[PDB]
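J.: Before we start, here is the structure in question, set down as structure tokens.
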Amino acid sequence: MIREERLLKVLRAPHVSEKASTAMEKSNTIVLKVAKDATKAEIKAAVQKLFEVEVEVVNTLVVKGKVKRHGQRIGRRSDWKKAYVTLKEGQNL
Amino acid sequence: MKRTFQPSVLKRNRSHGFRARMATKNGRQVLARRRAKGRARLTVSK
Amino acid sequence: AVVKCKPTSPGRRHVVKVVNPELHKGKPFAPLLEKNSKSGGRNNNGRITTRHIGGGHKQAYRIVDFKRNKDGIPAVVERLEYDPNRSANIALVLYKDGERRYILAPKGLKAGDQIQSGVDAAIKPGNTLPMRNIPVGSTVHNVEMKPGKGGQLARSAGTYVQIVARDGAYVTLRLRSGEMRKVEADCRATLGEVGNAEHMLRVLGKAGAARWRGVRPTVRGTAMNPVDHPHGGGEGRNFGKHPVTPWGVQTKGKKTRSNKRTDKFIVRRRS
RNA sequence: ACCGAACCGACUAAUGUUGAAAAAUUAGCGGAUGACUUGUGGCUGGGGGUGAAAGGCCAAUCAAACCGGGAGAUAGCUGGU
RNA sequence: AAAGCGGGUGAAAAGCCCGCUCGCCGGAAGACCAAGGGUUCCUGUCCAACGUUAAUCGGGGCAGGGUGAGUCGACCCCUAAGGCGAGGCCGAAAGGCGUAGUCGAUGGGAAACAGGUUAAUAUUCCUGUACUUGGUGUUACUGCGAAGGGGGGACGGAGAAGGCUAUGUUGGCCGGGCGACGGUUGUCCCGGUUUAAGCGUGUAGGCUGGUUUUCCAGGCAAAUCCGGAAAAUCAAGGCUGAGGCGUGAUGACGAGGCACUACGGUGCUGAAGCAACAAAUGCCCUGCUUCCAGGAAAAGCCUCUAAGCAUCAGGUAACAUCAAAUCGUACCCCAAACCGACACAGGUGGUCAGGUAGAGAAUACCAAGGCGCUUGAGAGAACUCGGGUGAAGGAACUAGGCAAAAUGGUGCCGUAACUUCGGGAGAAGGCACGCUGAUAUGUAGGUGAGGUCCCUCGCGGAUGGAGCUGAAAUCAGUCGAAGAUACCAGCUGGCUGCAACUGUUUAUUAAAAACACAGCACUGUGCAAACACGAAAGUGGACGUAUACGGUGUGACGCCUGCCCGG
Ligand SMILES: [Mg+2]
Ligand SMILES: [Mg+2]
Ligand SMILES: [Mg+2]
Ligand SMILES: [Mg+2]
Ligand SMILES: [Mg+2]
Ligand SMILES: [Mg+2]
Ligand SMILES: [Mg+2]
Ligand SMILES: [Mg+2]
Ligand SMILES: [Mg+2]
Ligand SMILES: [Mg+2]
Ligand SMILES: [Mg+2]
Ligand SMILES: [Mg+2]
Ligand SMILES: [Mg+2]
Ligand SMILES: [Mg+2]
Ligand SMILES: [Mg+2]
Ligand SMILES: [Mg+2]
Ligand SMILES: [Mg+2]
Ligand SMILES: [Mg+2]
Ligand SMILES: [Mg+2]
Ligand SMILES: [Mg+2]
Ligand SMILES: [Mg+2]
Ligand SMILES: [Mg+2]
Ligand SMILES: [Mg+2]
Ligand SMILES: [Mg+2]
Ligand SMILES: [Mg+2]
Ligand SMILES: [Mg+2]
Ligand SMILES: [Mg+2]
Ligand SMILES: [Mg+2]
Ligand SMILES: [Mg+2]
Ligand SMILES: [Mg+2]
Ligand SMILES: [Mg+2]
Ligand SMILES: [Mg+2]
Ligand SMILES: [Mg+2]
Ligand SMILES: [Mg+2]
Ligand SMILES: [Mg+2]
Ligand SMILES: [Mg+2]
Ligand SMILES: [Mg+2]
Ligand SMILES: [Mg+2]
Ligand SMILES: [Mg+2]
Ligand SMILES: [Mg+2]
Ligand SMILES: [Mg+2]
Ligand SMILES: [Mg+2]
Ligand SMILES: [Mg+2]
Ligand SMILES: [Mg+2]
Ligand SMILES: [Mg+2]
Ligand SMILES: [Mg+2]
Ligand SMILES: [Mg+2]
Ligand SMILES: [Mg+2]
Ligand SMILES: [Mg+2]
Ligand SMILES: [Mg+2]
Ligand SMILES: [Mg+2]
Ligand SMILES: [Mg+2]
Ligand SMILES: [Mg+2]
Ligand SMILES: [Mg+2]
Ligand SMILES: [Mg+2]
Ligand SMILES: [Mg+2]
Ligand SMILES: [Mg+2]
């Protein structure tokens, strides 16, 4: 059992993009920015219990940071995880 | 021409890495010298 | 047999090889094989301690029974095999109770023979007896130094040790160096000369053959520099020195044995 | 073993020499189943290693590496004051 | 390696975009990775700086997007070289070695393919069809169990041939065309003719005799397993195995045709989808033959029992359900992104391997695909660089034929001194070579359908030659100055020094006559070996034992190696 503490901590944000919108309108997939130490089972349980939908599978990938320059001072935008959550044809968030 | 630096991360880390520095007794002295100087990066790992 | 190669190439012109048709051609005995890695003459400090060793063919070690301890059980010599770790050939021998062993092959032993070890064994080649039981004047090999230790003398191809006397608890052996040594009468010894005498008639024919056996080239001190060898230096070919080893000890005639522990056992030096 | 590409090397000539290159290009040249060549990894440490031996090679440095230290060595020598 | 022009954008175009030509690479200058790098990938916008010029462009600035895995790789199990190393042995201290262990791939270990899609990912997403391992729960039978025993995993070099496939060529079929300039309804021209893993069958080939009893000093104890011994009985039994065939597939894909377009590309439909021949360096093949230089380890896997449990657990077989987490996945990768300070004529491991000519992965021209090398325009002096040709002479040049020129291929004829009988030798030297026809409407050879016959019956054997492919030769004729027409591709001979030879060497002025060498001799060494590394313990020598090992000198082979012990 995964605690509600853990679920409410692991789901971070929705993701908006052309590819995310295409995934939503084509394969019934939502794209979520997720905290890095969350696993596939944790993301599946969190979505399934907080959005009140049902999940087929979940796919994760870690998005790497970006090296940026702010007034000739080098900096590094941080990593995060992205989750493509597939729903079972009848949920339609 | 083949130059003297043919890089490899594995050999780099086994030679100059933090665990090799802590493994040899004088490597810990090297880390003491670099910490006392105040280096941003102690070993080649970062 | 000693067969000369035809000179169809400069390397093969001088080659003399020893071909033995009685040897096994298949794979050796997997229970008795072992690995050994080559060292290159380097000890645990990593330094070259013995020069001119390195490379060659990969080899596997054969566990050879030098003790010959399974006494009282007759054994059938099955086949002769090539051992790459020594000059002599080995023999895979099947004991009467179902266990197989490797032994040195004595001269005249062939496939399907009878051998036997122990104090009651007969006097014929291949049979192992203590030298208190072995008659004097008879040639043995695989001779022990200490009771139960294992064979250490007359183990290369074609060699043998002649028992010349027996005085109480010690027997005197004439060794292939020409040396008379007293050894305990309880020590074991296998009758007959070691086989593969024709091994001494081989000619390698080429540096490639030496490198296959695993010996690196030897550089003369008189060709080295003065910093490298005590012989090195000179404009042109100059020697002017007494011949020494690379570490400075004279190498033509200077005796190096110093063992007061076994001076008591040595009767006569090799002269 | 022989002829000859890959691959390994480096015999001759010209160019280049503040170069395209802190050792190459072009045209020819030698080995090319062997004492061959190569990828990944390991080992040998400085009066030491390794050396089919040239005092060769050990990170563009080798009749004794590089780095810090004794150290502001010493300089009956040169320059400057 | 090379550019020209037309249009577009823009303040401005040799360089950016689009088009038509022209040229270069094409065993790479094409496509995919490992190593290494780190956002260089894609889109929008900008031209200060960077780009050896300009810039509307960029691998530059800024902002936004982008990397989707039970099956690929890591992680993980297992070991090599080697590392560390509880106790331990040793050492002024620090520390050196090392047993049990535990790490360490470059190696061994389970499983996914085809099509489609995005501006940027795909064996990861979608469609279709599969496969693997482990946990739980029912059903049926049942002796299960290891840190231990056995088997297996499990292994070299070279060579030769058979069977195949990838692949290519031609024919057939399907769709299209009737040609800017003579001819082109024909033996004419262009294009397409693709389809996987998995599942079923088990063929060419390879290996081995099976099966049942009884007994045993062996496998650290036990064993029904391995080994050994003695009987009986049968002769085909087992294991391995490319390819083919069927299915997967009434599916997908498909030249084209039809319609929009923000002219970049989308949406719809879709015929034929076979045969013969040639053929790998790939597969059978971790094979077979042979040679000496005698060719990893451990786990996964199969199997036997001990202690133990003993109608329990546990095991095998079926079905159902669940789970397979975590990390990499963009992009470059013979390079403008890695190593070279540079957008540097250098270096960098593996995988794929089309056509014609060719022995060929050489070379010439091409295909798929990619480029024209980030300064141009003129002019046509000396001189320098890279080339081409050259009257007469032909080394007269020079230190020296340095350089250049020349020889150059296949088949046959022929070939000396000397020799270690192998060589020298491709000695030297010479002749033929294109194209068309005939022998022969395409021959010898290769492959081999239909039909027929037989059977221990199918992926079977005999006959039989359709069809396809195809040298080499002889004869005749003919063209040119010349038929190996280009590219590619030995100069030859004679006397001689040295070193026998193949090799190695001064990375970066010395490749040699030096070094090495096989062979020879002397000498040390009896094993706790001499000797070497080490204050020592240890280790190499060597798991070797005087036919072995170390040191020293000479250097194949032939004939030899003389006198001196005063230093
Ligand atoms: Mg999925
Ligand atoms: Mg992932
Ligand atoms: Mg030696
Ligand atoms: Mg020698
Ligand atoms: Mg010298
Ligand atoms: Mg000296
Ligand atoms: Mg002289
Ligand atoms: Mg003199
Ligand atoms: Mg050769
Ligand atoms: Mg070299
Ligand atoms: Mg040179
Ligand atoms: Mg060249
Ligand atoms: Mg040659
Ligand atoms: Mg050659
Ligand atoms: Mg010198
Ligand atoms: Mg250097
Ligand atoms: Mg000094
Ligand atoms: Mg002082
Ligand atoms: Mg000073
Ligand atoms: Mg224009
Ligand atoms: Mg241009
Ligand atoms: Mg263009
Ligand atoms: Mg071309
Ligand atoms: Mg950037
Ligand atoms: Mg771009
Ligand atoms: Mg401007
Ligand atoms: Mg500019
Ligand atoms: Mg950019
Ligand atoms: Mg170990
Ligand atoms: Mg300890
Ligand atoms: Mg240790
Ligand atoms: Mg391990
Ligand atoms: Mg690996
Ligand atoms: Mg891409
Ligand atoms: Mg085919
Ligand atoms: Mg080959
Ligand atoms: Mg990619
Ligand atoms: Mg450039
Ligand atoms: Mg470059
Ligand atoms: Mg290469
Ligand atoms: Mg080519
Ligand atoms: Mg001119
Ligand atoms: Mg000129
Ligand atoms: Mg010319
Ligand atoms: Mg002339
Ligand atoms: Mg003339
Ligand atoms: Mg003339
Ligand atoms: Mg003159
Ligand atoms: Mg002259
Ligand atoms: Mg010349
Ligand atoms: Mg020429
Ligand atoms: Mg003809
Ligand atoms: Mg002379
Ligand atoms: Mg020579
Ligand atoms: Mg040089
Ligand atoms: Mg000499
Ligand atoms: Mg003399």
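In the structure tokens, chains take the letters A, B, ... in the order shown, each chain's residues start at 1, and ligands count up from 1 in the order shown.
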At a cut-off of 12 Å, using only C-alpha atoms (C1' of nucleotides), what residues contact range 134-140 of chain E? Leave out same-chain residues fewer than 6 positions from it and give the result as a list in words.

T.: residues 70, 110, 316, 317, 318, 319, 320, 321, 322, 323 and 324 of chain E

J.: Could you turn the residues from that selection into a file that holds N, CA and C atoms (P, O5', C5', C4', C3', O3' and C1' of nucleotides), as a PDB file, in the first residue's frame?

T.:
ATOM      1  P     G E  70       7.828  -2.381 -21.170  1.00  0.00           P
ATOM      2  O5'   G E  70       8.217  -3.617 -20.255  1.00  0.00           O
ATOM      3  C5'   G E  70       9.341  -3.556 -19.396  1.00  0.00           C
ATOM      4  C4'   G E  70       9.938  -4.921 -19.192  1.00  0.00           C
ATOM      5  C3'   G E  70      10.667  -5.507 -20.386  1.00  0.00           C
ATOM      6  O3'   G E  70      12.018  -5.087 -20.427  1.00  0.00           O
ATOM      7  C1'   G E  70       9.203  -7.118 -19.430  1.00  0.00           C
ATOM      8  P     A E 110      21.000 -18.173 -22.282  1.00  0.00           P
ATOM      9  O5'   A E 110      19.858 -17.070 -22.195  1.00  0.00           O
ATOM     10  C5'   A E 110      19.039 -16.966 -21.042  1.00  0.00           C
ATOM     11  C4'   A E 110      17.571 -16.928 -21.390  1.00  0.00           C
ATOM     12  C3'   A E 110      17.158 -15.897 -22.428  1.00  0.00           C
ATOM     13  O3'   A E 110      17.252 -16.426 -23.741  1.00  0.00           O
ATOM     14  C1'   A E 110      15.758 -15.730 -20.522  1.00  0.00           C
ATOM     15  P     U E 316       9.598 -28.098 -10.470  1.00  0.00           P
ATOM     16  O5'   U E 316       8.861 -29.102 -11.456  1.00  0.00           O
ATOM     17  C5'   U E 316       9.587 -30.131 -12.110  1.00  0.00           C
ATOM     18  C4'   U E 316       8.672 -31.214 -12.621  1.00  0.00           C
ATOM     19  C3'   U E 316       7.553 -30.757 -13.537  1.00  0.00           C
ATOM     20  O3'   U E 316       7.974 -30.543 -14.867  1.00  0.00           O
ATOM     21  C1'   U E 316       6.676 -32.209 -11.899  1.00  0.00           C
ATOM     22  P     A E 317       7.445 -29.257 -15.669  1.00  0.00           P
ATOM     23  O5'   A E 317       5.938 -29.623 -16.025  1.00  0.00           O
ATOM     24  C5'   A E 317       5.652 -30.539 -17.068  1.00  0.00           C
ATOM     25  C4'   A E 317       4.177 -30.836 -17.168  1.00  0.00           C
ATOM     26  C3'   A E 317       3.251 -29.637 -17.270  1.00  0.00           C
ATOM     27  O3'   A E 317       3.188 -29.094 -18.576  1.00  0.00           O
ATOM     28  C1'   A E 317       2.395 -31.155 -15.686  1.00  0.00           C
ATOM     29  P     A E 318       2.795 -27.550 -18.786  1.00  0.00           P
ATOM     30  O5'   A E 318       1.217 -27.514 -18.568  1.00  0.00           O
ATOM     31  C5'   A E 318       0.342 -28.200 -19.453  1.00  0.00           C
ATOM     32  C4'   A E 318      -1.093 -28.090 -19.005  1.00  0.00           C
ATOM     33  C3'   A E 318      -1.618 -26.678 -18.809  1.00  0.00           C
ATOM     34  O3'   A E 318      -2.035 -26.081 -20.024  1.00  0.00           O
ATOM     35  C1'   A E 318      -2.207 -28.008 -16.946  1.00  0.00           C
ATOM     36  P     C E 319      -1.916 -24.494 -20.231  1.00  0.00           P
ATOM     37  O5'   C E 319      -3.078 -23.902 -19.318  1.00  0.00           O
ATOM     38  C5'   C E 319      -4.440 -24.168 -19.608  1.00  0.00           C
ATOM     39  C4'   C E 319      -5.333 -23.685 -18.498  1.00  0.00           C
ATOM     40  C3'   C E 319      -5.185 -22.223 -18.125  1.00  0.00           C
ATOM     41  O3'   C E 319      -5.879 -21.353 -19.001  1.00  0.00           O
ATOM     42  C1'   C E 319      -5.216 -23.539 -16.162  1.00  0.00           C
ATOM     43  P     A E 320      -5.330 -19.868 -19.259  1.00  0.00           P
ATOM     44  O5'   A E 320      -5.749 -19.071 -17.947  1.00  0.00           O
ATOM     45  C5'   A E 320      -7.113 -18.939 -17.582  1.00  0.00           C
ATOM     46  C4'   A E 320      -7.258 -18.387 -16.189  1.00  0.00           C
ATOM     47  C3'   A E 320      -6.496 -17.107 -15.902  1.00  0.00           C
ATOM     48  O3'   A E 320      -7.159 -15.954 -16.384  1.00  0.00           O
ATOM     49  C1'   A E 320      -6.171 -18.631 -14.130  1.00  0.00           C
ATOM     50  P     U E 321      -6.308 -14.737 -16.987  1.00  0.00           P
ATOM     51  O5'   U E 321      -5.802 -13.953 -15.700  1.00  0.00           O
ATOM     52  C5'   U E 321      -6.722 -13.454 -14.743  1.00  0.00           C
ATOM     53  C4'   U E 321      -6.035 -13.160 -13.437  1.00  0.00           C
ATOM     54  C3'   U E 321      -4.846 -12.220 -13.521  1.00  0.00           C
ATOM     55  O3'   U E 321      -5.221 -10.856 -13.539  1.00  0.00           O
ATOM     56  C1'   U E 321      -4.255 -14.119 -12.250  1.00  0.00           C
ATOM     57  P     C E 322      -4.326  -9.791 -14.333  1.00  0.00           P
ATOM     58  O5'   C E 322      -3.091  -9.538 -13.364  1.00  0.00           O
ATOM     59  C5'   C E 322      -3.292  -9.019 -12.060  1.00  0.00           C
ATOM     60  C4'   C E 322      -2.075  -9.218 -11.197  1.00  0.00           C
ATOM     61  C3'   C E 322      -0.802  -8.556 -11.675  1.00  0.00           C
ATOM     62  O3'   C E 322      -0.754  -7.171 -11.392  1.00  0.00           O
ATOM     63  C1'   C E 322      -0.329 -10.765 -11.017  1.00  0.00           C
ATOM     64  P     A E 323      -0.100  -6.168 -12.459  1.00  0.00           P
ATOM     65  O5'   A E 323       1.463  -6.367 -12.251  1.00  0.00           O
ATOM     66  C5'   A E 323       2.049  -6.173 -10.975  1.00  0.00           C
ATOM     67  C4'   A E 323       3.429  -6.771 -10.898  1.00  0.00           C
ATOM     68  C3'   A E 323       4.404  -6.328 -11.967  1.00  0.00           C
ATOM     69  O3'   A E 323       4.959  -5.058 -11.695  1.00  0.00           O
ATOM     70  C1'   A E 323       4.557  -8.663 -11.670  1.00  0.00           C
ATOM     71  P     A E 324       5.344  -4.089 -12.908  1.00  0.00           P
ATOM     72  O5'   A E 324       6.683  -4.726 -13.480  1.00  0.00           O
ATOM     73  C5'   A E 324       7.837  -4.829 -12.666  1.00  0.00           C
ATOM     74  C4'   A E 324       8.935  -5.586 -13.361  1.00  0.00           C
ATOM     75  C3'   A E 324       9.275  -5.128 -14.765  1.00  0.00           C
ATOM     76  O3'   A E 324      10.104  -3.983 -14.780  1.00  0.00           O
ATOM     77  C1'   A E 324       9.128  -7.481 -14.710  1.00  0.00           C
TER      78        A E 324
END

J.: Env of residue 15 in chain A: 8 Å cut, atoms = only C-alpha atoms (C1' of nucleotides), seq-sep filter 5 positions within chain, self excluded. Answer as a VMD selection string.

T.: chain A and resid 20 31 to 33

J.: Pull N, CA, C and O atoms from the residues just selected and write them as a compact mmCIF listing (two decimals), in the first residue's frame.

T.:
# COMPACT_ATOMS: atom_id res chain seq x y z
N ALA A 20 2.03 17.05 -26.18
CA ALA A 20 1.12 16.61 -25.12
C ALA A 20 -0.34 16.74 -25.56
O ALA A 20 -1.15 15.86 -25.29
N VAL A 31 0.05 13.94 -19.98
CA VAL A 31 1.47 14.14 -19.75
C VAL A 31 1.63 14.94 -18.46
O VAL A 31 1.11 16.05 -18.35
N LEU A 32 2.36 14.38 -17.51
CA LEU A 32 2.47 14.96 -16.18
C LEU A 32 3.92 15.18 -15.83
O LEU A 32 4.74 14.27 -15.96
N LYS A 33 4.24 16.37 -15.36
CA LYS A 33 5.52 16.57 -14.71
C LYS A 33 5.45 15.99 -13.31
O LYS A 33 4.51 16.27 -12.56

J.: Write out as a list in words which residues come within 10 Å of residue 62 in chain A when counting only C-alpha atoms (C1' of nucleotides), dropping same-chain ones fewer than 4 positions away.

T.: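 After dropping sequence-adjacent residues, the list is residues 33, 34, 35, 36, 79, 80, 81, 82 and 83 of chain A; 67 and 327 of chain E.
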
J.: Export C-alpha atoms (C1' of nucleotides) of the chosen residues as a PDB file, in the first residue's frame?

T.:
ATOM      1  CA  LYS A  33       5.524  16.574 -14.708  1.00  0.00           C
ATOM      2  CA  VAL A  34       6.428  14.329 -11.771  1.00  0.00           C
ATOM      3  CA  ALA A  35       8.840  14.495  -8.846  1.00  0.00           C
ATOM      4  CA  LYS A  36      12.032  12.633  -9.605  1.00  0.00           C
ATOM      5  CA  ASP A  79      15.996  17.893 -13.892  1.00  0.00           C
ATOM      6  CA  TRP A  80      12.453  16.563 -13.477  1.00  0.00           C
ATOM      7  CA  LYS A  81      10.606  13.426 -14.552  1.00  0.00           C
ATOM      8  CA  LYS A  82       7.889  13.318 -17.197  1.00  0.00           C
ATOM      9  CA  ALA A  83       5.148  10.684 -17.216  1.00  0.00           C
TER      10      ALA A  83
ATOM     11  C1'   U E  67      14.770  11.616 -25.772  1.00  0.00           C
ATOM     12  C1'   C E 327      19.127   4.202 -15.189  1.00  0.00           C
TER      13        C E 327
END

J.: Output as number ranges by chain all residues of range 14-66 of chain A that backbone DSSP marks as strand (DSSP E).

T.: A: 14, 29-34, 55-63, 66

J.: Within 12 Å of residue 63 in chain E, counting only C-alpha atoms (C1' of nucleotides), which residues qualify if same-chain residues fewer than 2 places away don't, as a PyMOL selection string?

T.: (chain A and resi 68) or (chain E and resi 43-46+61+65)

J.: Emit the selected residues as a PDB file, in the first residue's frame, including N, CA and C atoms (P, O5', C5', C4', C3', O3' and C1' of nucleotides).

T.:
ATOM      1  N   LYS A  68      22.370  27.375 -19.035  1.00  0.00           N
ATOM      2  CA  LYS A  68      21.925  28.695 -19.439  1.00  0.00           C
ATOM      3  C   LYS A  68      22.966  29.713 -19.010  1.00  0.00           C
TER       4      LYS A  68
ATOM      5  P     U E  43      13.586  22.856 -38.375  1.00  0.00           P
ATOM      6  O5'   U E  43      12.641  23.817 -37.527  1.00  0.00           O
ATOM      7  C5'   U E  43      11.230  23.685 -37.593  1.00  0.00           C
ATOM      8  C4'   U E  43      10.519  24.524 -36.557  1.00  0.00           C
ATOM      9  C3'   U E  43      10.692  26.023 -36.657  1.00  0.00           C
ATOM     10  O3'   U E  43       9.909  26.612 -37.675  1.00  0.00           O
ATOM     11  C1'   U E  43      10.889  25.361 -34.408  1.00  0.00           C
ATOM     12  P     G E  44      10.447  27.919 -38.429  1.00  0.00           P
ATOM     13  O5'   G E  44      10.295  29.080 -37.351  1.00  0.00           O
ATOM     14  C5'   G E  44       9.014  29.543 -36.964  1.00  0.00           C
ATOM     15  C4'   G E  44       9.095  30.604 -35.895  1.00  0.00           C
ATOM     16  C3'   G E  44       9.995  31.789 -36.178  1.00  0.00           C
ATOM     17  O3'   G E  44       9.384  32.750 -37.016  1.00  0.00           O
ATOM     18  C1'   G E  44      10.336  31.036 -33.967  1.00  0.00           C
ATOM     19  P     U E  45      10.270  33.645 -38.006  1.00  0.00           P
ATOM     20  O5'   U E  45      11.122  34.577 -37.038  1.00  0.00           O
ATOM     21  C5'   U E  45      10.530  35.695 -36.398  1.00  0.00           C
ATOM     22  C4'   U E  45      11.411  36.255 -35.311  1.00  0.00           C
ATOM     23  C3'   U E  45      12.714  36.893 -35.762  1.00  0.00           C
ATOM     24  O3'   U E  45      12.549  38.234 -36.175  1.00  0.00           O
ATOM     25  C1'   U E  45      13.134  35.425 -33.960  1.00  0.00           C
ATOM     26  P     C E  46      13.570  38.894 -37.218  1.00  0.00           P
ATOM     27  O5'   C E  46      14.898  39.130 -36.374  1.00  0.00           O
ATOM     28  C5'   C E  46      14.951  40.108 -35.349  1.00  0.00           C
ATOM     29  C4'   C E  46      16.328  40.193 -34.739  1.00  0.00           C
ATOM     30  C3'   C E  46      17.475  40.392 -35.713  1.00  0.00           C
ATOM     31  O3'   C E  46      17.655  41.755 -36.047  1.00  0.00           O
ATOM     32  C1'   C E  46      18.019  38.685 -34.162  1.00  0.00           C
ATOM     33  P     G E  61      25.354  30.499 -28.514  1.00  0.00           P
ATOM     34  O5'   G E  61      24.633  31.909 -28.498  1.00  0.00           O
ATOM     35  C5'   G E  61      25.310  33.057 -28.022  1.00  0.00           C
ATOM     36  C4'   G E  61      24.379  34.230 -27.930  1.00  0.00           C
ATOM     37  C3'   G E  61      23.056  33.948 -27.251  1.00  0.00           C
ATOM     38  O3'   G E  61      23.149  33.983 -25.841  1.00  0.00           O
ATOM     39  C1'   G E  61      22.680  35.126 -29.253  1.00  0.00           C
ATOM     40  P     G E  65       8.931  24.631 -22.924  1.00  0.00           P
ATOM     41  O5'   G E  65       9.026  23.604 -24.136  1.00  0.00           O
ATOM     42  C5'   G E  65       7.851  23.035 -24.680  1.00  0.00           C
ATOM     43  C4'   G E  65       8.081  22.448 -26.049  1.00  0.00           C
ATOM     44  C3'   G E  65       8.556  21.013 -26.102  1.00  0.00           C
ATOM     45  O3'   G E  65       7.522  20.071 -25.900  1.00  0.00           O
ATOM     46  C1'   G E  65       9.833  22.301 -27.582  1.00  0.00           C
TER      47        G E  65
END
